[PDB]
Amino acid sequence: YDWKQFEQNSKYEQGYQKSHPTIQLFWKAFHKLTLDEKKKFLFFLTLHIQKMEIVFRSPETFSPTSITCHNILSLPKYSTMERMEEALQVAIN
């Protein structure tokens, strides 16, 4: 249950750095949450986590006032039905 490791795992995309003032506010607000609140936050976002990674992005770098979560699919530009079919089967672990 190491929450420091969960923080260190975090990655930052456009608009943010680890040193950005809003990111430093988020992590202190997150660490002040009780354990049950932390879990409910991870449920809102998605245990044991210690290997989950969360990626931060500024709202203006997408297409506004509240926090939202997005499940992104990174899909390589496949040109065949057969390779696409095979790729889905591999994602189905």
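The first residue of the shown sequence is 1; numbering continues from there.
Chemist: Please classify the unmodelled stretch of the deposited sequence between residue 58 and residue 59: none, 1 to 3, 4 to 9, or 10 or more residues.
Modeler: None; the chain is continuous from residue 58 to residue 59.
Chemist: What number of deposited residues lacks coordinates in the span between residue 34 and residue 35: none, 1 to 3, 4 to 9, or 10 or more?
Modeler: None; the chain is continuous from residue 34 to residue 35.
Chemist: If you average the Cα B factors in the entry, which is higher, 18-26 or 68-76?
Modeler: It is 68-76.
Chemist: Please place residue 40 in the lowest, middle or highest third of its chain by C-alpha B factor as given in the entry.
Modeler: Ranked within chain, residue 40 CA B lands in the middle tercile.
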